[PDB]
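A.B. asks: This is start.cif (mmCIF, C-alpha atoms and all ligand atoms).
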```cif
data_structure
loop_
_atom_site.label_atom_id
_atom_site.label_comp_id
_atom_site.auth_asym_id
_atom_site.auth_seq_id
_atom_site.Cartn_x
_atom_site.Cartn_y
_atom_site.Cartn_z
CA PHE A 1 -176.37 33.95 -147.49
CA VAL A 2 -172.99 35.65 -147.23
CA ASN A 3 -170.95 35.84 -144.04
CA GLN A 4 -170.80 39.38 -142.67
CA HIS A 5 -168.05 39.02 -140.06
CA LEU A 6 -170.47 40.07 -137.31
CA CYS A 7 -167.77 39.34 -134.74
CA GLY A 8 -167.27 40.97 -131.36
CA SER A 9 -168.83 44.40 -131.09
CA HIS A 10 -170.22 44.17 -134.62
CA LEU A 11 -172.97 41.91 -133.32
CA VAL A 12 -173.92 44.49 -130.70
CA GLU A 13 -173.96 47.17 -133.40
CA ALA A 14 -176.20 44.92 -135.51
CA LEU A 15 -178.58 44.38 -132.60
CA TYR A 16 -178.61 48.14 -131.94
CA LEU A 17 -179.76 48.83 -135.50
CA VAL A 18 -182.18 45.90 -135.78
CA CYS A 19 -183.95 46.43 -132.47
CA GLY A 20 -184.36 50.21 -132.60
CA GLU A 21 -186.40 51.69 -129.77
CA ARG A 22 -186.92 48.31 -128.09
CA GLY A 23 -183.25 47.93 -127.32
CA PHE A 24 -181.64 44.54 -126.94
CA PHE A 25 -179.63 42.37 -124.58
CA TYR A 26 -176.11 41.01 -124.98
CA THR A 27 -175.28 38.13 -122.62
CA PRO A 28 -172.10 36.28 -123.64
CA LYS A 29 -172.77 33.14 -121.56
CA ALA A 30 -176.31 32.65 -122.88
CA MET A 31 -175.51 33.75 -126.45
CA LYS A 32 -172.34 31.75 -127.14
CA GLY A 33 -174.11 30.05 -130.06
CA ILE A 34 -175.34 33.10 -131.98
CA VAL A 35 -172.08 34.89 -131.24
CA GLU A 36 -170.14 32.11 -132.98
CA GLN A 37 -172.71 31.79 -135.76
CA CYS A 38 -172.83 35.46 -136.68
CA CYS A 39 -169.03 35.75 -136.59
CA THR A 40 -167.93 32.67 -138.55
CA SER A 41 -171.12 31.68 -140.43
CA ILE A 42 -174.33 33.44 -141.49
CA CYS A 43 -177.11 34.84 -139.31
CA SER A 44 -180.15 36.72 -140.58
CA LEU A 45 -181.43 40.05 -139.36
CA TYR A 46 -184.70 38.20 -138.69
CA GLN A 47 -182.86 35.79 -136.39
CA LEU A 48 -181.28 38.69 -134.52
CA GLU A 49 -184.72 40.02 -133.61
CA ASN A 50 -184.77 37.25 -131.00
CA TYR A 51 -182.43 39.39 -128.84
CA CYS A 52 -184.49 42.56 -128.87
CA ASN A 53 -186.16 43.48 -125.57
CA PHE B 1 -182.22 63.11 -133.16
CA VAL B 2 -179.48 61.76 -135.40
CA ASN B 3 -176.67 62.75 -133.02
CA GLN B 4 -178.30 60.79 -130.20
CA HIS B 5 -178.67 57.80 -132.51
CA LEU B 6 -174.99 57.92 -133.44
CA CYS B 7 -173.95 58.45 -129.82
CA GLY B 8 -175.91 55.33 -128.92
CA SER B 9 -173.95 53.27 -131.44
CA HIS B 10 -170.74 54.31 -129.71
CA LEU B 11 -172.23 53.58 -126.29
CA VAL B 12 -173.16 49.99 -127.08
CA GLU B 13 -169.63 49.35 -128.37
CA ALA B 14 -168.20 50.79 -125.15
CA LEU B 15 -170.52 48.65 -123.08
CA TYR B 16 -169.47 45.57 -125.07
CA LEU B 17 -165.90 46.38 -124.06
CA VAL B 18 -166.29 47.27 -120.40
CA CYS B 19 -169.02 44.77 -119.44
CA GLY B 20 -167.11 41.79 -120.82
CA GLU B 21 -168.53 38.41 -119.91
CA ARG B 22 -171.26 40.06 -117.82
CA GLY B 23 -172.98 41.55 -120.83
CA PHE B 24 -175.65 44.20 -120.55
CA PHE B 25 -179.24 45.08 -121.31
CA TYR B 26 -179.45 48.11 -123.60
CA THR B 27 -182.56 50.23 -122.95
CA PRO B 28 -182.28 53.70 -124.49
CA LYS B 29 -185.74 53.73 -123.01
CA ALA B 30 -184.67 53.65 -119.36
CA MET B 31 -185.72 56.58 -117.21
CA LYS B 32 -182.54 58.48 -116.31
CA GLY B 33 -180.93 56.16 -118.83
CA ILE B 34 -177.52 55.89 -120.41
CA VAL B 35 -178.31 58.15 -123.36
CA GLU B 36 -179.49 60.97 -121.09
CA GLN B 37 -176.34 60.72 -118.98
CA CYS B 38 -173.64 59.79 -121.48
CA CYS B 39 -174.71 61.56 -124.67
CA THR B 40 -174.99 64.78 -122.62
CA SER B 41 -171.61 64.45 -120.89
CA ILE B 42 -168.64 62.18 -121.45
CA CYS B 43 -168.94 59.00 -119.39
CA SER B 44 -165.75 57.32 -118.26
CA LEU B 45 -165.49 53.56 -118.38
CA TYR B 46 -166.33 53.53 -114.64
CA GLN B 47 -169.58 55.41 -115.30
CA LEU B 48 -170.41 53.11 -118.21
CA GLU B 49 -169.82 50.06 -116.01
CA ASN B 50 -172.86 51.08 -113.96
CA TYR B 51 -175.00 49.90 -116.89
CA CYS B 52 -173.52 46.40 -117.07
CA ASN B 53 -175.16 43.24 -115.76
CA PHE C 1 -162.08 35.76 -119.29
CA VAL C 2 -163.95 35.86 -122.60
CA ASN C 3 -162.35 36.77 -125.92
CA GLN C 4 -163.57 40.13 -127.20
CA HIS C 5 -162.27 40.04 -130.78
CA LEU C 6 -160.18 43.17 -130.14
CA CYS C 7 -158.67 42.79 -133.60
CA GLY C 8 -157.36 45.52 -135.87
CA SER C 9 -158.80 48.93 -135.14
CA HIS C 10 -160.82 47.57 -132.21
CA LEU C 11 -157.66 47.55 -130.13
CA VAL C 12 -157.05 51.21 -130.92
CA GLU C 13 -160.66 51.98 -129.98
CA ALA C 14 -160.14 50.09 -126.71
CA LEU C 15 -156.98 52.04 -125.95
CA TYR C 16 -158.80 55.29 -126.77
CA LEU C 17 -161.48 54.54 -124.19
CA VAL C 18 -159.16 53.09 -121.53
CA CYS C 19 -156.54 55.82 -121.65
CA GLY C 20 -158.82 58.85 -121.77
CA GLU C 21 -157.07 62.20 -121.56
CA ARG C 22 -153.61 60.61 -121.42
CA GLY C 23 -153.91 59.25 -124.92
CA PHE C 24 -152.02 56.16 -126.01
CA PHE C 25 -149.57 54.84 -128.58
CA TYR C 26 -150.09 52.19 -131.25
CA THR C 27 -146.84 50.79 -132.68
CA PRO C 28 -147.40 47.59 -134.70
CA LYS C 29 -143.75 46.44 -134.65
CA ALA C 30 -143.35 46.82 -130.88
CA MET C 31 -146.87 45.60 -130.04
CA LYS C 32 -147.09 42.45 -132.17
CA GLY C 33 -147.64 40.40 -129.00
CA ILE C 34 -150.56 42.31 -127.45
CA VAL C 35 -152.09 42.77 -130.90
CA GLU C 36 -152.23 38.99 -131.35
CA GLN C 37 -153.29 38.39 -127.75
CA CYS C 38 -156.19 40.84 -127.73
CA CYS C 39 -157.44 39.60 -131.11
CA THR C 40 -157.30 35.81 -130.70
CA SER C 41 -157.10 35.39 -126.90
CA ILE C 42 -158.00 37.51 -123.85
CA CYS C 43 -156.44 40.76 -122.68
CA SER C 44 -157.61 42.80 -119.71
CA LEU C 45 -158.39 46.49 -119.65
CA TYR C 46 -155.79 46.68 -116.87
CA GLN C 47 -153.17 45.21 -119.21
CA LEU C 48 -154.07 47.76 -121.89
CA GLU C 49 -153.19 50.60 -119.53
CA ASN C 50 -149.57 49.75 -120.33
CA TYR C 51 -150.01 51.54 -123.70
CA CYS C 52 -151.36 54.81 -122.34
CA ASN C 53 -149.02 57.80 -122.60
CA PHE D 1 -169.16 69.52 -142.14
CA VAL D 2 -167.50 67.10 -139.74
CA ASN D 3 -170.80 65.81 -138.34
CA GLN D 4 -171.98 64.89 -141.84
CA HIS D 5 -168.68 63.12 -142.48
CA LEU D 6 -169.02 61.09 -139.29
CA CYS D 7 -172.69 60.35 -139.98
CA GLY D 8 -171.64 59.00 -143.38
CA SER D 9 -169.22 56.56 -141.76
CA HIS D 10 -172.10 55.14 -139.74
CA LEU D 11 -174.33 55.01 -142.81
CA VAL D 12 -171.94 52.91 -144.87
CA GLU D 13 -171.63 50.42 -142.00
CA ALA D 14 -175.42 50.20 -141.78
CA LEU D 15 -175.68 49.67 -145.52
CA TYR D 16 -173.04 46.92 -145.31
CA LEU D 17 -175.31 45.20 -142.79
CA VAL D 18 -178.72 45.62 -144.38
CA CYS D 19 -177.75 45.23 -148.06
CA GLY D 20 -175.94 41.94 -147.47
CA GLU D 21 -174.96 40.06 -150.60
CA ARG D 22 -176.62 42.72 -152.77
CA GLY D 23 -174.07 45.36 -151.87
CA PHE D 24 -174.57 49.02 -152.65
CA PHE D 25 -173.19 52.02 -154.47
CA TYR D 26 -172.34 54.82 -152.04
CA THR D 27 -172.81 58.28 -153.58
CA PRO D 28 -172.93 61.03 -150.93
CA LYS D 29 -173.19 62.97 -154.15
CA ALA D 30 -176.65 61.73 -155.15
CA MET D 31 -179.36 64.34 -155.50
CA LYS D 32 -181.86 63.73 -152.68
CA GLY D 33 -179.22 61.30 -151.44
CA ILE D 34 -178.77 59.21 -148.33
CA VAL D 35 -176.87 61.88 -146.39
CA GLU D 36 -179.60 64.46 -146.96
CA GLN D 37 -182.28 62.04 -145.78
CA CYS D 38 -180.55 60.00 -143.08
CA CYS D 39 -178.17 62.49 -141.47
CA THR D 40 -181.14 64.87 -141.06
CA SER D 41 -183.51 62.28 -139.59
CA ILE D 42 -183.02 58.77 -138.27
CA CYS D 43 -183.46 56.21 -141.03
CA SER D 44 -184.72 52.78 -140.07
CA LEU D 45 -183.20 49.72 -141.67
CA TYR D 46 -186.19 49.68 -144.08
CA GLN D 47 -185.39 53.23 -145.21
CA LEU D 48 -181.70 52.37 -145.56
CA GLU D 49 -182.58 49.33 -147.67
CA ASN D 50 -183.86 51.70 -150.37
CA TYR D 51 -180.20 52.52 -151.11
CA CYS D 52 -179.10 48.92 -151.67
CA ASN D 53 -178.49 47.29 -155.03
CA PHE E 1 -146.91 45.35 -145.38
CA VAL E 2 -148.82 44.54 -142.20
CA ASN E 3 -152.28 42.99 -142.14
CA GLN E 4 -154.91 45.45 -140.94
CA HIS E 5 -157.86 43.10 -140.36
CA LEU E 6 -159.94 45.01 -142.92
CA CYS E 7 -162.69 42.42 -142.53
CA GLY E 8 -166.42 42.90 -142.98
CA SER E 9 -167.55 46.48 -142.55
CA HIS E 10 -163.97 47.66 -142.00
CA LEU E 11 -163.39 47.41 -145.74
CA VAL E 12 -166.40 49.62 -146.42
CA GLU E 13 -165.10 52.11 -143.84
CA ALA E 14 -161.71 52.04 -145.57
CA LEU E 15 -163.31 52.68 -148.96
CA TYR E 16 -165.36 55.51 -147.45
CA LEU E 17 -162.21 57.27 -146.25
CA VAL E 18 -160.07 56.53 -149.32
CA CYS E 19 -162.63 57.55 -151.92
CA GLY E 20 -163.89 60.75 -150.32
CA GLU E 21 -166.32 62.75 -152.41
CA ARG E 22 -166.28 60.21 -155.25
CA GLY E 23 -167.90 57.56 -153.14
CA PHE E 24 -167.37 53.88 -153.81
CA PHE E 25 -169.16 50.62 -154.53
CA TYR E 26 -169.32 47.46 -152.43
CA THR E 27 -170.47 44.38 -154.37
CA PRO E 28 -169.81 41.13 -152.47
CA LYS E 29 -170.17 38.82 -155.49
CA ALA E 30 -167.77 40.80 -157.69
CA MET E 31 -165.35 41.67 -154.87
CA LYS E 32 -164.90 38.27 -153.21
CA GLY E 33 -161.17 38.45 -153.95
CA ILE E 34 -160.34 41.85 -152.43
CA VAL E 35 -162.67 41.12 -149.53
CA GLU E 36 -160.63 38.03 -148.65
CA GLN E 37 -157.32 39.75 -149.36
CA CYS E 38 -157.95 42.81 -147.20
CA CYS E 39 -159.28 40.68 -144.33
CA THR E 40 -156.69 37.89 -144.11
CA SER E 41 -153.71 39.35 -146.03
CA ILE E 42 -152.53 42.85 -147.00
CA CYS E 43 -154.14 45.33 -149.37
CA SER E 44 -152.88 48.83 -150.06
CA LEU E 45 -154.88 52.03 -149.94
CA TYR E 46 -153.74 52.51 -153.55
CA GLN E 47 -155.33 49.18 -154.50
CA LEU E 48 -158.58 50.20 -152.80
CA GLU E 49 -158.87 53.22 -155.10
CA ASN E 50 -160.01 50.73 -157.73
CA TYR E 51 -163.44 50.64 -156.00
CA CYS E 52 -164.05 54.37 -155.94
CA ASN E 53 -166.78 55.64 -158.27
CA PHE F 1 -167.82 67.74 -125.19
CA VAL F 2 -169.44 64.50 -126.31
CA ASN F 3 -169.15 65.32 -130.02
CA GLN F 4 -165.40 65.83 -129.67
CA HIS F 5 -165.13 62.53 -127.82
CA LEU F 6 -166.99 60.70 -130.59
CA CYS F 7 -165.00 62.48 -133.30
CA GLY F 8 -161.83 61.27 -131.58
CA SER F 9 -162.99 57.67 -131.79
CA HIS F 10 -163.32 58.05 -135.54
CA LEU F 11 -159.94 59.76 -135.78
CA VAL F 12 -158.03 56.95 -134.08
CA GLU F 13 -159.63 54.42 -136.44
CA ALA F 14 -158.60 56.55 -139.42
CA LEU F 15 -155.07 56.83 -138.09
CA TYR F 16 -154.94 53.05 -137.62
CA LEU F 17 -155.77 52.75 -141.31
CA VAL F 18 -153.54 55.40 -142.84
CA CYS F 19 -150.48 55.02 -140.57
CA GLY F 20 -150.23 51.27 -141.15
CA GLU F 21 -147.06 49.66 -139.87
CA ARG F 22 -145.73 53.05 -138.73
CA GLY F 23 -148.32 53.40 -136.02
CA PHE F 24 -148.95 56.66 -134.20
CA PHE F 25 -148.97 58.40 -130.86
CA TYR F 26 -152.44 59.70 -130.02
CA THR F 27 -152.34 62.89 -127.93
CA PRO F 28 -155.69 64.72 -127.93
CA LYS F 29 -153.59 66.84 -125.64
CA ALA F 30 -151.20 68.15 -128.29
CA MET F 31 -151.12 71.89 -128.82
CA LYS F 32 -152.58 72.55 -132.28
CA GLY F 33 -153.48 68.87 -132.15
CA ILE F 34 -155.48 66.53 -134.32
CA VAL F 35 -158.79 67.15 -132.55
CA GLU F 36 -158.51 70.92 -133.00
CA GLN F 37 -157.76 70.52 -136.71
CA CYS F 38 -159.82 67.49 -137.73
CA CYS F 39 -162.92 67.73 -135.53
CA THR F 40 -163.32 71.34 -136.72
CA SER F 41 -162.87 70.59 -140.43
CA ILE F 42 -162.77 67.38 -142.42
CA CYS F 43 -159.22 66.05 -142.69
CA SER F 44 -158.32 64.03 -145.75
CA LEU F 45 -156.17 60.95 -145.39
CA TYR F 46 -153.17 63.10 -146.44
CA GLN F 47 -153.84 65.52 -143.57
CA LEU F 48 -154.29 62.64 -141.14
CA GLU F 49 -150.99 61.12 -142.27
CA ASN F 50 -149.21 64.12 -140.75
CA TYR F 51 -149.99 62.61 -137.33
CA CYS F 52 -148.40 59.23 -138.03
CA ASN F 53 -145.02 58.07 -136.78
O1 LIG G 1 -167.32 55.87 -124.55
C1 LIG G 1 -168.42 56.70 -124.73
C2 LIG G 1 -169.20 56.60 -125.86
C3 LIG G 1 -170.29 57.43 -126.03
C4 LIG G 1 -170.60 58.38 -125.08
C5 LIG G 1 -169.82 58.49 -123.93
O2 LIG G 1 -170.11 59.44 -122.98
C6 LIG G 1 -168.72 57.66 -123.76
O1 LIG G 2 -178.22 53.52 -138.93
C1 LIG G 2 -178.07 54.85 -139.24
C2 LIG G 2 -176.81 55.42 -139.33
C3 LIG G 2 -176.67 56.76 -139.62
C4 LIG G 2 -177.78 57.56 -139.84
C5 LIG G 2 -179.05 56.99 -139.76
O2 LIG G 2 -180.16 57.78 -139.96
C6 LIG G 2 -179.20 55.65 -139.45
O1 LIG G 3 -161.55 60.44 -141.19
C1 LIG G 3 -161.85 61.43 -140.27
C2 LIG G 3 -162.38 61.11 -139.04
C3 LIG G 3 -162.70 62.10 -138.13
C4 LIG G 3 -162.50 63.43 -138.45
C5 LIG G 3 -161.96 63.76 -139.69
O2 LIG G 3 -161.76 65.08 -140.02
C6 LIG G 3 -161.65 62.77 -140.61
CL CL G 4 -170.36 60.01 -134.42
ZN ZN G 5 -166.44 50.04 -135.80
ZN ZN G 6 -162.86 41.06 -137.01
ZN ZN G 7 -164.23 44.51 -136.54
ZN ZN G 8 -169.64 58.15 -134.68
#
```
How does this structure look as structure tokens?
C.D. replies:
Amino acid sequence: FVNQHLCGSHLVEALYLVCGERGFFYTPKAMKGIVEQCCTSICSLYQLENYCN
Amino acid sequence: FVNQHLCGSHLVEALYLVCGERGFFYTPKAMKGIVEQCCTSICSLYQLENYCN
Amino acid sequence: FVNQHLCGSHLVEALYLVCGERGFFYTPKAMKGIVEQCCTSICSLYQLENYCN
Amino acid sequence: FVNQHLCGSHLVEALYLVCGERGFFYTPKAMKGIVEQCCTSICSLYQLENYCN
Amino acid sequence: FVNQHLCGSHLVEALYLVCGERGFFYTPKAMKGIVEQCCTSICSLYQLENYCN
Amino acid sequence: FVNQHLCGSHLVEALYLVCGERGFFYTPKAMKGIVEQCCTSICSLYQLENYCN
């Protein structure tokens, strides 16, 4: 429950680490919401698992 | 395997940049994938763009 | 036409990738405009070529 | 020694992510420390969490 | 006397480089002030030495 | 050559930090340049400052 400034490429780095061997997808049009949330608010590593392949 | 892991972190940041709005699916997985090509030799931004959506 | 949060050192990383073997220059006083633009608005990779050596 | 130095830069970013509000003390120092473990083999986020506060 | 957008993990990367072999600590609750200052204002590398071990 | 490429990405981020308002010209090019010195051995922030404007 602290903002982590997961803005821009930081979110892709976070997904890279969270998702491991599965990989992930990064689709700006479909992920406008989580992009904003992780940058200016808080988003959990558990929530980010939703973007693993 | 650590060097490949670290190389992948740089790759996903580069894809974030070059793919822009299109985004990308990251599959280190992929047969003949981006890690095989671009952690073995330097990929230009034109070569990295092949992996975008 | 999507902001990429190319703030702070991200802009230097972008120039590094765009400019390749030419290298680039980063001069905060002279580049106040593009620094602001790439961070809070949109700036193209083609525009960034203006700061390659 | 440069590879270990660069690996450490990635480690501290990963710890920033996984440790969240708890934070961490970074001691490359430490006997049986994080660089010995995680620059030799890939550490998952669960292994990295062992180094958090 | 120019802001360097040392936000989020950038501050931990800065501490990593500044502190060298000493290492550093990153404690969000205790360091709310310098976290804000380095992200939205200016903070010197000399000031950051206060968070080396 | 990939390791040198990745090392360079870290170097330009470190120069962004240490050079501050002065900025820098990045020439991987340069005879006896920063990649030869600092991707072979670890450069402190004082050694990196030699490459600033
Ligand atoms: O920009 C990059 C990053 C990582 C590997 C590579 O070949 C190119
Ligand atoms: O996420 C990371 C970063 C660096 C080394 C490692 O094993 C894992
Ligand atoms: O801070 C750095 C980054 C890359 C190489 C080096 O010697 C030092
Ligand atoms: Cl690296
Ligand atoms: Zn980074
Ligand atoms: Zn930022
Ligand atoms: Zn950033
Ligand atoms: Zn690296």
A.B. asks: Quick one: superpose chain C onto chain A using all C-alpha atoms paired in order, least squares, and give it to me as a PDB file with C-alpha atoms, keeping the file's coordinate frame.
C.D. replies:
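Full text of selection.pdb as output:
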```
ATOM      1  CA  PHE C   1    -176.378  33.947-147.494  1.00  0.00           C
ATOM      2  CA  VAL C   2    -172.986  35.646-147.233  1.00  0.00           C
ATOM      3  CA  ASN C   3    -170.944  35.840-144.038  1.00  0.00           C
ATOM      4  CA  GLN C   4    -170.801  39.378-142.668  1.00  0.00           C
ATOM      5  CA  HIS C   5    -168.048  39.018-140.060  1.00  0.00           C
ATOM      6  CA  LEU C   6    -170.470  40.069-137.302  1.00  0.00           C
ATOM      7  CA  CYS C   7    -167.769  39.337-134.740  1.00  0.00           C
ATOM      8  CA  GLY C   8    -167.274  40.971-131.363  1.00  0.00           C
ATOM      9  CA  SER C   9    -168.829  44.398-131.086  1.00  0.00           C
ATOM     10  CA  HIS C  10    -170.228  44.169-134.622  1.00  0.00           C
ATOM     11  CA  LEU C  11    -172.971  41.914-133.318  1.00  0.00           C
ATOM     12  CA  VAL C  12    -173.920  44.489-130.699  1.00  0.00           C
ATOM     13  CA  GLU C  13    -173.960  47.173-133.401  1.00  0.00           C
ATOM     14  CA  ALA C  14    -176.204  44.922-135.507  1.00  0.00           C
ATOM     15  CA  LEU C  15    -178.583  44.382-132.606  1.00  0.00           C
ATOM     16  CA  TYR C  16    -178.615  48.139-131.947  1.00  0.00           C
ATOM     17  CA  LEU C  17    -179.755  48.839-135.498  1.00  0.00           C
ATOM     18  CA  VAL C  18    -182.182  45.909-135.785  1.00  0.00           C
ATOM     19  CA  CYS C  19    -183.945  46.431-132.475  1.00  0.00           C
ATOM     20  CA  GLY C  20    -184.361  50.200-132.593  1.00  0.00           C
ATOM     21  CA  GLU C  21    -186.395  51.692-129.771  1.00  0.00           C
ATOM     22  CA  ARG C  22    -186.922  48.311-128.095  1.00  0.00           C
ATOM     23  CA  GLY C  23    -183.255  47.938-127.315  1.00  0.00           C
ATOM     24  CA  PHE C  24    -181.649  44.535-126.936  1.00  0.00           C
ATOM     25  CA  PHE C  25    -179.629  42.370-124.574  1.00  0.00           C
ATOM     26  CA  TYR C  26    -176.105  41.014-124.983  1.00  0.00           C
ATOM     27  CA  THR C  27    -175.282  38.133-122.620  1.00  0.00           C
ATOM     28  CA  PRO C  28    -172.092  36.283-123.639  1.00  0.00           C
ATOM     29  CA  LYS C  29    -172.772  33.139-121.565  1.00  0.00           C
ATOM     30  CA  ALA C  30    -176.314  32.651-122.882  1.00  0.00           C
ATOM     31  CA  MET C  31    -175.505  33.751-126.448  1.00  0.00           C
ATOM     32  CA  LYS C  32    -172.341  31.747-127.142  1.00  0.00           C
ATOM     33  CA  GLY C  33    -174.114  30.044-130.059  1.00  0.00           C
ATOM     34  CA  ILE C  34    -175.343  33.101-131.989  1.00  0.00           C
ATOM     35  CA  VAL C  35    -172.074  34.890-131.236  1.00  0.00           C
ATOM     36  CA  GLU C  36    -170.142  32.109-132.981  1.00  0.00           C
ATOM     37  CA  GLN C  37    -172.711  31.783-135.763  1.00  0.00           C
ATOM     38  CA  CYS C  38    -172.832  35.464-136.684  1.00  0.00           C
ATOM     39  CA  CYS C  39    -169.033  35.753-136.596  1.00  0.00           C
ATOM     40  CA  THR C  40    -167.927  32.669-138.551  1.00  0.00           C
ATOM     41  CA  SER C  41    -171.118  31.680-140.420  1.00  0.00           C
ATOM     42  CA  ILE C  42    -174.336  33.444-141.488  1.00  0.00           C
ATOM     43  CA  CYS C  43    -177.108  34.838-139.310  1.00  0.00           C
ATOM     44  CA  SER C  44    -180.144  36.717-140.576  1.00  0.00           C
ATOM     45  CA  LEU C  45    -181.426  40.050-139.360  1.00  0.00           C
ATOM     46  CA  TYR C  46    -184.692  38.202-138.694  1.00  0.00           C
ATOM     47  CA  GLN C  47    -182.863  35.783-136.391  1.00  0.00           C
ATOM     48  CA  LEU C  48    -181.279  38.696-134.519  1.00  0.00           C
ATOM     49  CA  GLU C  49    -184.717  40.021-133.606  1.00  0.00           C
ATOM     50  CA  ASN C  50    -184.769  37.249-131.002  1.00  0.00           C
ATOM     51  CA  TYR C  51    -182.423  39.387-128.839  1.00  0.00           C
ATOM     52  CA  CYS C  52    -184.496  42.560-128.865  1.00  0.00           C
ATOM     53  CA  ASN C  53    -186.157  43.476-125.566  1.00  0.00           C
TER      54      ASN C  53
END
```
A.B. asks: Give me, as an MDAnalysis selection string, the set of residues whose atoms come within 8 Å of any atom of ligand LIG 2 (chain G), counting all atoms listed in the file.
C.D. replies: (chainID A and resid 17) or (chainID B and resid 2 5:6) or (chainID D and resid 7:14 35 37:45 48)
A.B. asks: Using only C-alpha atoms, list the residues that have an atom at most 12 Å from (-184.0, 50.5, -117.5), coordinates as in the file, as a short mmCIF file (atom, residue, chain, number, x, y, z; two decimals) with C-alpha atoms, in the coordinates of the input.
C.D. replies:
```cif
data_model
loop_
_atom_site.label_atom_id
_atom_site.label_comp_id
_atom_site.auth_asym_id
_atom_site.auth_seq_id
_atom_site.Cartn_x
_atom_site.Cartn_y
_atom_site.Cartn_z
CA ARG A 22 -186.92 48.31 -128.09
CA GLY A 23 -183.25 47.93 -127.32
CA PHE A 24 -181.64 44.54 -126.94
CA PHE A 25 -179.63 42.37 -124.58
CA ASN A 53 -186.16 43.48 -125.57
CA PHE B 24 -175.65 44.20 -120.55
CA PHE B 25 -179.24 45.08 -121.31
CA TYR B 26 -179.45 48.11 -123.60
CA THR B 27 -182.56 50.23 -122.95
CA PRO B 28 -182.28 53.70 -124.49
CA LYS B 29 -185.74 53.73 -123.01
CA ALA B 30 -184.67 53.65 -119.36
CA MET B 31 -185.72 56.58 -117.21
CA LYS B 32 -182.54 58.48 -116.31
CA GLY B 33 -180.93 56.16 -118.83
CA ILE B 34 -177.52 55.89 -120.41
CA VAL B 35 -178.31 58.15 -123.36
CA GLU B 36 -179.49 60.97 -121.09
CA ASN B 50 -172.86 51.08 -113.96
CA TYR B 51 -175.00 49.90 -116.89
CA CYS B 52 -173.52 46.40 -117.07
CA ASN B 53 -175.16 43.24 -115.76
#
```
A.B. asks: Would you work out the distance separating CA of residue 19 in chain E from atom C3 of ligand LIG 1 (chain G), expressed in Å to one decimal?
C.D. replies: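 Atom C3 of ligand LIG 1 (chain G) lies 27.0 Å from CA of residue 19 in chain E.
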A.B. asks: Using all atoms of range 10-14 of chain C listed in the file and a margin of 4 Å per side, can you give the axis-aligned box centre and edge lengths in Å to one decimal, as AutoDock Vina command-line options?
C.D. replies:
```
--center_x -158.9 --center_y 49.8 --center_z -129.5 --size_x 11.8 --size_y 12.4 --size_z 13.5
```
A.B. asks: Any idea what the distance is between CA of residue 4 in chain D and atom CL of ligand CL 4 (chain G)?
C.D. replies: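 Computing the Euclidean distance for CA of residue 4 in chain D and atom CL of ligand CL 4 (chain G) yields 9.0 Å.
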A.B. asks: Could you work out how far CA of residue 20 in chain A lies from atom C5 of ligand LIG 1 (chain G), giving the answer in Å with one decimal?
C.D. replies: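 Going from atom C5 of ligand LIG 1 (chain G) over to CA of residue 20 in chain A covers 18.8 Å.
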